[PDB]
Amino acid sequence: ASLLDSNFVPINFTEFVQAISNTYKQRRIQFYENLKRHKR
Amino acid sequence: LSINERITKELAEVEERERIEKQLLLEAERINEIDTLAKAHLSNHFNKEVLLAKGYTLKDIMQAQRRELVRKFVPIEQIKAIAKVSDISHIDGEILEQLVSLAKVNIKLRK
Amino acid sequence: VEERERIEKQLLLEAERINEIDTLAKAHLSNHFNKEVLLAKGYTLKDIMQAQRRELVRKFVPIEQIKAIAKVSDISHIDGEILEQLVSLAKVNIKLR
Amino acid sequence: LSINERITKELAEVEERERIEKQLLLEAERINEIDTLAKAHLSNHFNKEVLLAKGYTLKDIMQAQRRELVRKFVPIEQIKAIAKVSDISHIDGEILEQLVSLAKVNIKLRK
Amino acid sequence: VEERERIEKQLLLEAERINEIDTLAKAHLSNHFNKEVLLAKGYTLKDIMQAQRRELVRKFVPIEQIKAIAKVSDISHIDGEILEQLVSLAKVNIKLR
């Protein structure tokens, strides 16, 4: 249910918007997973 | 045996050894692919270690993992069409290679 | 004369296969690949049938199966038992479609 | 074998292949006509799919549809006159072709 | 043809041995000794495998066992059944490690 999946084929604009929101969330999750703050 | 005969024999020998080396690389890649597929898509009970402990040849382990992957991914209709039969117990070979290629396509599209 | 009888049996078999292929292709691909216009363009009957089969594969069978099962992306030269497997997969695809 | 013999053999071979191609087209048209007649004038139980499931040859299906169409459209007197007998169980052939032509005429005039 | 069948059996055996050696060596020694870069540098497959084995011995097997069991400090020329014993001892060492 995200734009990242190539197999994903949106059917209407509403599904397309939902995929965008899911895609934004996944990037935020991935960003925090990969984030490495400076402790000094 | 003249010089041309010497040269053609030398070149043929070199090419034969090169082809054998390429075959060895292909076998190594096949074993790596089987290992990755067994780790990623099949249960731990199908690991090469436990199968070898049960006393199966390496080729038996490979065709085993392939048949299990085909059943897991490839649908029964596709098996009955490409392999012409439902049972994969006696379909090891080039048809099995086509079936595992279809299984790779299936997992790629599944992701 | 039974040899010619069996030859006629095989003739009927391939004629039925051709008719089925044509009937499904007309409703699936286009009218541009109709037997009449292809014959006018100057293609033999077997060439017409194999071209229609390749187009059927190019419509139903996805490209990944072509480059894995048939080992080549281009169906232009794969004809044979591999083409039979491809058209069988296309039949399965249109059945599930 | 001189040049004229070469040319006559080449032309005869080409003409033979052309006649075979025309025969294949004729067979395709015959199958299409049988399909249309079976769909339009005969019950669903006579469909090629169910008949083939019952295990009948394609030619058997064709002559079957033809005999049924003759009984449905062509009157019994016309059958007894043209085919010289009432039963059509053993009249498959050119006489059957004449009977189905008469049946086509009958449906055309019926509409 | 069963002679070629058994030859293929031995081919599979040595291919599996090569794959196992490569998989453990990649995670233990370095990426500099990868098969691709070694082949680019111009070493045959058997030479690559024996060099990787000698490096495995030089990593796990301590030097005293090399100069006592293998009778020479330099593994550069000890190849053979002594090298098999050395790689077995290296396997034991990595197992206990």
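These remarks concern the structure in this document. (Residues numbered from 1 in each chain as written, not as in the entry; some residues may be left out. Chains lettered and ligands numbered in written order. Part of a larger assembly, values for the part shown. Heavy atoms only, no water.)

## Considerations on the overall build of chain A
Formally: Only DSSP runs of H or I with at least four residues qualify as helices, and only runs of E with at least two residues qualify as strands; both kinds are numbered from the N terminus onward. Buried residues are those whose accessible area, probed at 1.4 Å on protein chains only, stays under 20% of the maximum for their type, while exposed residues exceed 50% and partly exposed ones sit between those limits. Here the accessible surface of atoms and residues is derived via Shrake-Rupley with a 1.4 Å probe, and residues count as covered only by protein chains that are part of the display.
Of the regular secondary structure elements, chain A holds one helix and zero strands. C-alpha atoms of chain A, sized along the principal axes, occupy 50 × 15 × 5 Å. Relative to its full complement of 40 residues, chain A shows a buried share of 8%. Accessible area of chain A: about 4,000 Å², with a carbon and sulfur share of 53%.

## Points about the interface of chain E and chain B
How we decide: Contacts are residue-level and defined by heavy atoms, with any inter-residue pair within 4.5 Å sufficient. Buried area: the sum, over both parts, of the accessible surface (1.4 Å probe) that disappears when the two are put together. The term salt bridge refers to a pairing of a side-chain nitrogen on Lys or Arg with a carboxyl oxygen on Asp or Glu at a separation within 4 Å. We define a polar contact as two N or O atoms separated by no more than 3.5 Å, with the added condition that, inside protein, one atom must be a possible hydrogen donor and the other a possible acceptor, whereas residues neighbouring each other in sequence contribute only through side-chain atom pairs.
Contacts between chain E and chain B engage eight residues on the former and twelve residues on the latter. Per-residue buried area on chain E facing chain B is highest for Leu12(E), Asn19(E) and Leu45(E); these three make up 46% of the total on that side. The tally of links from chain E across to chain B stands at zero salt bridges. In this structure, the connection of chain E to chain B is made through zero residue pairs in polar contact.

## Focus on a negative patch on the surface
To be explicit about the condition: Residues enter patches when they are more than 30% accessible in relative terms and free of salt bridges; like-charged ones are connected within 9 Å and nonpolar ones (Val, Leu, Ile, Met, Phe, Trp, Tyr) within 5 Å. Counted as positive: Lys and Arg. Counted as negative: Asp and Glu. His and the chain ends are not counted at all. Note on charges: their place is set at NZ of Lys, CZ of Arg, CG of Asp or CD of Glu.
Judged by side-chain charge, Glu29(B), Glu33(B), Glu97(B) and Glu36(E) come together as a negatively charged surface patch. Tracing the backbone through its elements, the reader meets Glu97(B) in helix α5 (residues 94–110). The class of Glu97(B) is partly exposed, set by a relative accessible area of 40%.

## So, the packing of helix α3 (residues 58–73) of chain B against α5(B)
The description of two helices packed together rests on the angle between their axes and the distance between the axes. Residue and element names in this part refer to chain B. Note the threshold: Note on geometry: axes are lines fitted to C-alpha atoms, helical ones only across the stretch in contact, with angles between N-to-C directions running from 0 to 180 degrees. Working rule for angles: under 35 degrees goes down as roughly parallel, over 145 as roughly antiparallel, 65 to 115 as roughly perpendicular, anything else as oblique. Working rule for handedness: look at the near helix, and if it is turned counterclockwise from the far one by less than a right angle, call the crossing left-handed; if clockwise, right-handed. Only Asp, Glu, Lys and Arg are considered charged in this grouping, and only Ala, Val, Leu, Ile, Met, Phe, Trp, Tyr, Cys and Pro are considered nonpolar; every other residue, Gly among them, is considered polar.
The geometry of α3 relative to α5 is characterised by a closest axis approach of 9 Å and an angle of 50 degrees between their N-to-C directions. Comparing their axes, α5 and α3 come out oblique. Viewed along their axes, α3 and α5 form a crossing whose handedness is left-handed. Residues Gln63, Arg66, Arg67, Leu69, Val70, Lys72 and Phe73 of α3 lie in contact with α5, whose contacting residues are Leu96, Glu97, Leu99, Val100, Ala103, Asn106, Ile107 and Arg110. Taken together, the residues of the contact of α3 with α5 sort by class into eight nonpolar, two polar and five charged.

## What about helix α3 (residues 45–60) of chain E?
Rules: The length a helix should cover is 1.5 Å for every residue beyond the first.
The end-to-end C-alpha separation of α3(E) is 23 Å, in line with the 22 Å expected for 16 residues at 1.5 Å each. Those residues of α3(E) that sit buried are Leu45(E), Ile48(E), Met49(E), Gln50(E), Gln52(E), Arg53(E), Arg54(E), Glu55(E), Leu56(E), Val57(E) and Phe60(E). Residues of α3(E) that are buried in the fold lie against α1 (3–41) of chain B together with α1 (2–28), α2 (35–41), α4 (63–68) and α5 (81–96) of chain E.

## Examining helix α1 (residues 13–34) of chain A
Look at α1(A): 31 Å from first C-alpha to last across 22 residues, which is about the 32 Å you get at 1.5 Å a residue. Looking at where α1(A) begins, the residue whose side-chain oxygen comes 3.0 Å from the main-chain nitrogen of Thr14(A) is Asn12(A).

## Describing the side chain of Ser101(B)
Relative to the assigned elements, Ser101(B) resides in helix α5. Setting aside chain neighbours within four positions, we find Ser101(B) in contact with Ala68(C) and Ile69(C).

## Topic: the packing of α1(B) against α3(B)
Residue and element names in this part refer to chain B. Remark: α1 packs on α3, axes separated minimally by 10 Å, with the N-to-C direction vectors making an angle of 50 degrees. As judged from the angle between their axes, α1 and α3 are oblique. Judged by the sense of rotation from one axis to the other, the crossing of α1 with α3 is left-handed. Residues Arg30, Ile31, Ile34, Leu37, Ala38 and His41 of α1 form the contact with α3, whose own contacting residues are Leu58, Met62, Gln65, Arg66, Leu69, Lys72 and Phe73. Each residue belonging to the contact of α1 with α3 can be placed in one class, and the counts come to eight nonpolar, two polar and three charged.

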